[PDB]
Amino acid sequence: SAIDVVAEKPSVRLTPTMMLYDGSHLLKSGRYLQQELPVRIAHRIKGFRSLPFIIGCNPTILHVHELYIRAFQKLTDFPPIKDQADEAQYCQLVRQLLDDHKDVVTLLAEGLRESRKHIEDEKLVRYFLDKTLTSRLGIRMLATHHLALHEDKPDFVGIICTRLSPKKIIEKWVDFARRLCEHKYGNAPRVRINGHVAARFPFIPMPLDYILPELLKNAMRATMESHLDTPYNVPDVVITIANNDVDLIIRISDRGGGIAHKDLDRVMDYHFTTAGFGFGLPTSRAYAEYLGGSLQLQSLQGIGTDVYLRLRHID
């Protein structure tokens, strides 16, 4: 019954600009998390109680539901943070929860894959995954930021990098994606980065750390699958960075044949794949829209695809 009571509370949202602005600040941050996390968690548990019956009964969905109830119990059992010793122990609980739930997206994807087909309105699944995954991103950002306030890392204020270079973060994920792709196909497309390659601004890397490898793996696979006769010489994937006062734009352009007309209306659905998870595109778009940006696709059937990632700047 505690879930219904806590879910009726508002929810004080923290904007990345508020996050940017002795150890007294650690106690105020700890107390904010103590009051905020159970409220966000209770809304998500209410979302699990509302899922279509045949889906809620799935053993994997039930397991994630139990994990989330257990997380609510541990957080609500923690006594109010009064001093530094209390805040240090609360950090341990936050680390444990971050670790215990690192594979939640995989569990949700597999628990929903077959059960999803036995319901009358599949759009409930899109709403549920969008709400759950974006709240999970927001929760993981608040939790990781609080922990990182205990570090003395240059160019960082918690998880906010004060001098983020989009070129360097893109390069980090290009090297990761090229290695996965070379392991499966024997080669990977070269990536050229152009535009505002020297841009540097305050930014939270965490959402880029999910979106970028997802969009890079897609562009590289499409390129390899459409050039099977010449895997040793495939067209480059071209990334353009456009930086302005309102937003950061990253366009990832490939020559991997495009997204077919018959598939275009389904690529943004969870579980849809032409391979195998089918989560990269709908999750990337939900994450981007949650942070005030967008993910837009331009398909040139027979040639390739342009993917546009737009993320807002920190005021």
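Numbering starts at 1 and runs along the sequence shown.
Quick check on the record: how many residues from the deposited sequence are absent from the model between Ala275 and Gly276 (none, 1 to 3, 4 to 9, 10 or more)?
In the deposited sequence, 10 or more residues between these two have no coordinates.
Would you mind checking whether any residues of the deposited sequence sit unmodelled between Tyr21 and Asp22, and how many (none, 1 to 3, 4 to 9, 10 or more)?
The entry has 4 to 9 unmodelled residues between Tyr21 and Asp22.
Mean CA temperature factor from the deposited coordinates, higher in 67-75 or in 81-89?
Per the PDB record, 81-89.
Name the higher of the two by mean Cα B-factor in the PDB entry, 212-220 versus 176-184.
Stretch with the greater average CA B-factor: 176-184.
Going by the CA temperature factor in the PDB record, which third of the chain does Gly256 belong to: lowest, middle or highest?
CA B-factor rank for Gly256: lowest third.
Looking at the entry's B-factor column for C-alpha atoms only, identify whether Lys28 ranks in the lowest, middle or highest third of its chain.
Highest third - that is where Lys28 ends up once the chain's C-alpha B-factors are sorted.
Consider only the C-alpha atoms of the modelled residues in this chain, order them by B-factor as the entry records it, and name the third containing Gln35: lowest, middle or highest.
CA B-factor rank for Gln35: highest third.
How does the C-alpha B factor of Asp130 compare with the rest of the chain: lowest, middle or highest third?
As the PDB entry reports it, the C-alpha B-factor of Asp130 lands in the lowest third of its chain.
Ranking every modelled residue in this chain by its Cα temperature factor as given in the entry, which third contains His146?
Its C-alpha B-factor, which the entry lists for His146, ranks in the middle third among residues of this chain.
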